[PDB]
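So the structure is just underneath, and the comments pick up after that.
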Amino acid sequence: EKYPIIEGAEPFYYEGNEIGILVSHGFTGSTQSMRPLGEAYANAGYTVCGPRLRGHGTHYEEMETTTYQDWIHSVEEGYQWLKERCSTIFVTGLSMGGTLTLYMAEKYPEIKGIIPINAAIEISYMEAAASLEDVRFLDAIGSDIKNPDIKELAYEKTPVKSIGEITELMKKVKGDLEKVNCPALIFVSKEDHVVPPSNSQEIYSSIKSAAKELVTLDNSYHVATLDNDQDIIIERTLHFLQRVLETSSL
């Protein structure tokens, strides 16, 4: 209990039918940014897993000590929980959660479809910040939200050591984008002040999926899962899941 889980940052698990959705939060963030999506998908009947990434939802000094392999493992552990209960699995995530969504689709051909939201593959400023030798923390990246009455549960500082980890993860995932073949629904905000929207556009044009769509959210900033266009993400995701699940030879 050096670094207890902050109230509202707990992992979430909803037992439903044999179709599972893995839902990943992003870097310095928490499940609080993703639970509205998870609840909506659970209400539609699906089994849902929203893992807490290692070092997240506790303290930024714990995050500072974590590796990108730790964050991958948190997602792999949630994938395993779904595999114990589900025969078909989809993955969705926000920002670095979208990077991890792409990582999973690059590794597992069995994944049925992906829904990355403002996914991160190349952020030149973070590449430079990762190289700072004498700065421990930079400012928070969280709460880039257009609706002024909405707040995100995310850390108040960003560890420089952790920036190096996300930079390495992004480089790996970016290099492997041609391994993605499953249906993809890519959401991107028009005015994202954290992850360049061109990242999602490059994902769209680099993956090999025969079925791909990019949806631009005109009324949201980076944390779109909590922002004005949350309803578009939820409803269009549900339509996408239904269409993939209903696909037949006809």
Side-chain angles (χ1 to χ4, degrees), residues 11 13-17 19-26 34 37-38 41 44-51 53-54 67-109 111-122 166 168-188 199-215 233 236-250:
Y13 301 91
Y14 299 98
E15 310 271 2
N17 62 26
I19 310 290
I21 320 291
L22 188 57
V23 182
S24 185
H25 73 78
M34 316 298 294
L37 269 58
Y41 306 152
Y46 299 112
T47 295
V48 179
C49 175
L53 301 183
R54 185 89 180 171
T67 65
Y68 74 86
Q69 294 98 330
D70 289 330
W71 306 328
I72 292 171
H73 174 69
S74 299
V75 174
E76 286 277 12
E77 184 179 44
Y79 188 52
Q80 169 66 14
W81 187 85
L82 290 174
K83 283 203 272 159
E84 294 171 325
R85 308 160 157 70
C86 302
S87 48
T88 299
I89 294 165
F90 293 87
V91 188
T92 184
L94 173 66
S95 196
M96 181 176 81
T99 316
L100 289 161
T101 292
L102 289 157
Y103 173 91
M104 296 294 282
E106 289 167 349
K107 182 168 194 269
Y108 297 106
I111 285 170
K112 197 74 172 178
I114 59 171
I115 310 96
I117 306 158
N118 289 323
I121 56 157
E122 185 176 74
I166 190 180
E168 288 180 66
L169 176 66
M170 282 188 293
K171 177 179 185 288
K172 166 169 209 345
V173 170
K174 182 172 184 281
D176 279 348
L177 282 172
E178 61 265 74
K179 300 182 70 180
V180 176
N181 294 284
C182 62
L185 173 59
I186 301 160
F187 289 100
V188 63
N199 276 204
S200 284
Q201 294 163 334
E202 181 163 342
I203 290 159
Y204 176 93
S205 64
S206 300
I207 64 177
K208 286 299 188 154
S209 309
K212 58 181 179 200
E213 188 169 40
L214 183 149
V215 177
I233 297 172
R236 299 211 46 185
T237 296
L238 286 169
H239 287 339
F240 169 81
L241 300 174
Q242 188 63 24
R243 180 197 94 231
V244 174
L245 292 166
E246 290 179 341
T247 292
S248 68
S249 297
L250 299 179

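Nothing fancy with the numbering, it's 1 onward along the sequence. Note: hydrogens, waters and symmetry copies are ignored here, and every other heavy atom, side chains too, is used.
The OG atom of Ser209 sits 11.5 Å away from the CG atom of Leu185 when rounded to the nearest 0.5 Å. One distance of note links CG of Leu82 with SG of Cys49; it measures 5.0 Å at 0.5 Å rounding. Put simply, CG on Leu102 and CE on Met104 are 11.5 Å apart, with the number rounded to the nearest 0.5 Å. Interatomic distance, CZ of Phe187 versus OG1 of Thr92, reported as 7.5 Å (0.5 Å rounding). To the nearest 0.5 Å, atom CG of residue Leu169 and atom CD1 of residue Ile166 are 6.5 Å apart. Distance OG/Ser206 to CD1/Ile121: 6.0 Å, rounded to 0.5 Å.
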Show your reasoning for whether side-chain contact (heavy atoms from CB on, under 4.5 Å) applies to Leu245 and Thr88. CA-CA 9 Å; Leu245 292 166; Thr88 299; 4.1 Å; yes
For the pair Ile117 and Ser95, evaluate side-chain contact (heavy atoms from CB on, under 4.5 Å) and give the outcome as yes or no after the intermediate values. CA-CA 6 Å; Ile117 306 158; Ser95 196; over 6 Å; no
Working for side-chain contact (heavy atoms from CB on, under 4.5 Å), residues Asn17 and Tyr46: CA-CA 5 Å; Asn17 62 26; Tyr46 299 112; 3.9 Å; yes
Walk me through whether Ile115 and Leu241 qualify under side-chain contact (heavy atoms from CB on, under 4.5 Å). CA-CA 10 Å; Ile115 310 96; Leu241 300 174; 4.2 Å; yes
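Classification of the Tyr79-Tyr108 ring pair by plane angle, with boundaries at 30° and 60°, yields tilted.
Distance alone, capped at 3.5 Å, is enough to place a donor-acceptor pair between the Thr47 side chain and the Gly16 backbone. For the pair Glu106 (side chain) and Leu177 (backbone), a donor-acceptor distance under 3.5 Å is present. Between the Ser248 side chain and the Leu250 main chain, a donor and an acceptor come within less than 3.5 Å of each other. Under the 3.5 Å distance criterion, the side-chain polar atoms of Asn181 are matched with a main-chain donor or acceptor of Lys179.
At least one side-chain heavy atom of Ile186 sits under 4.5 Å from a side-chain heavy atom of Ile207. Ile72 places a side-chain heavy atom less than 4.5 Å from the side chain of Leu100. With a 4.5 Å cut-off on side-chain heavy atoms, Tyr41 and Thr237 count as touching.
Across all their heavy atoms, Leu53 and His25 have their closest contact at N-NE2, 3.0 Å. Looking at every heavy atom in both residues, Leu22 comes nearest to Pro51 through CD1-CD, 3.9 Å. Residue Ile111 comes nearest to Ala105 through the heavy atom pair CD1-N, 4.1 Å, listed as atom of the first residue, atom of the second, then distance. Across all their heavy atoms, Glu168 and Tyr68 have their closest contact at OE1-CE2, 3.6 Å. Nearest heavy atom pair, residue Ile19 against residue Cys86, reads C-SG, 3.9 Å. For the residue pair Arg54 and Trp71, the shortest heavy atom distance occurs at O-NE1, 3.1 Å.
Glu76 and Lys107 are joined by a salt bridge, as a carboxylate oxygen and a charged side-chain nitrogen come within less than 4.0 angstrom of each other. Taking a cutoff of 4.0 Å between a charged side-chain nitrogen and a carboxylate oxygen, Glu122 and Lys171 do not qualify as a salt bridge.
For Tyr14, the ring pair (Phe, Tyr, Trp, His ring centres under 6.0 Å) partners are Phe12, not counting sequence neighbours.
Remark: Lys172 fails to qualify as a cation-pi partner of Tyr103 under the 6.0 Å distance and 45° angle criteria applied to the six-membered ring.
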